[PDB]
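I have placed the structure first, in the form of structure tokens, so that the comments after it can refer back to it.
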Amino acid sequence: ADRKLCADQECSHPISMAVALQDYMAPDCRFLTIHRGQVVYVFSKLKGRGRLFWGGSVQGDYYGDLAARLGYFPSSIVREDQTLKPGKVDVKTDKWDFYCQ
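Its first residue numbered 8, the sequence shown is counted upward by one per residue in PDB author numbering.
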């Protein structure tokens, strides 16, 4: 049972913003990396069972490839400074769980 909190009621709003607390090269596709001095943007935090596994995306907007790829990583690897979460409703994940085709 992995439930994550949403920054709204119908899940249509950002959570907050955080910074990278150090380098953390994800395993391999399954997750995203996090290098020092690298800001991030949380979109969905999974707690109540997997607090160590949050959900969001890193800052930045590369050209010729808009819409960054969201990933999952612990909070310890980052530090939330700014916030913009209007809501905090829980959202249970599905059994499927697709990632990295």
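Backbone N, C-alpha and C define an ideal beta-carbon position, used for all residues, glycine too.
Give me, in chain order, the residues of the same chain whose beta-carbon lies closer than 6 Å to that of residue i; leave out the 5 immediate sequence neighbours on both sides.
i          : result
residue 6  : The chain is shown from 8 up to 108; residue 6 falls before or after that span and cannot be answered.
residue 46 : 26, 66
Look at the Cβ atom of residue i, then the Cβ atom of residue j, and state whether they are nearer than 8 Å.
i          : j          : result
residue 37 : residue 27 : no
residue 66 : residue 48 : yes
residue 95 : residue 12 : yes
residue 53 : residue 9  : yes
Who are residue i's beta bridge partners in DSSP?
i           : result
residue 106 : Bridge partners of residue 106: none, in fact.
residue 89  : 24
Rounded to whole angstroms, how far is the Cβ of residue i from the Cβ of residue j, which I believe are closer than 8 Å?
i          : j          : result
residue 85 : residue 18 : About 22 Å separates the two Cβ atoms, so there is no contact after all.
residue 50 : residue 63 : 5 Å
residue 81 : residue 60 : 6 Å
residue 88 : residue 24 : 6 Å
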